[PDB]
């Protein structure tokens, strides 16, 4: 066990799906997993292990922001034998053609956090995913007839940024989605020698006003979950 996960080596599958919201981890375990068992509840950061089409799969919230998710992913990797991490989150969009409910696959993650410069002697560490995992998610998405873009995300430290112009810079450089985790998870993966992938669904268009019914947000969340789970199976071959 660790100070943030009341569990032991074995309670987790070698692949963990991670939404920000612990309750979405509960929903995911209750809906797409068989024989789900709750394996962590320290700080209410719910985690579950079960099976998807006969493959052992875990799912556990990471909380919001680079520091939070850095703790959980690091601990999972070094203390619970985890090999792959798939974050299933939401993101804000800055591109004109990226619409709500669109799926995005962070091949890379830009960030305004210092965590990677701390790791990397103040140089530019390109926080990227594991390629096979990105390929798996792309191929799974196709098999499900879901459209996804593969590119850069931007993991932000401040949800409420005093730096509004930055969004114009993100758009200029083709950032597909703005969330709060990817660059930190990718930094942990590189530091501790595991593989990670971030998939998001666009839940709001920054500098725009339009919404979606609760029914649509769910199906879209389900689609993300399905892309994620199915890509694991492709990953296993």
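Note that the rigid core is defined as the largest set of C-alphas that superpose within 1.5 Å between two forms. Residue numbers count along the first chain shown, from 1.
Looking at 24-32 and 203-211, the one farther from the shown form in 4 other deposited structures of this protein by average CA distance, after a rigid core fit, turns out to be 203-211.
With 138-146 and 77-85 compared on mean CA B-factor from the PDB entry, the stretch scoring higher is 138-146. Averaged over their C-alpha atoms, the temperature factors of 40-48 and 208-216 are higher for 208-216. For the set 33, 188, 175, 64, the PDB entry puts the maximum C-alpha B factor at 33.
Of the candidates 58, 68, 198, 203, it is 203 whose Cα B-factor is highest according to the PDB record. Annotation for residue 160: CA B-factor lies in the middle third of the chain's modelled residues. Residue 117 sits in the lowest third of its chain by CA B factor, as recorded in the PDB entry. When the modelled residues of the chain are ordered by C-alpha B-factor, residue 72 sits in the lowest third.
In the PDB entry, a CA B factor belonging to the lowest third of its chain's modelled residues is recorded for residue 128.
In the deposited entry, the Cα temperature factor of residue 103 sits in the top third of values across the chain's modelled residues.
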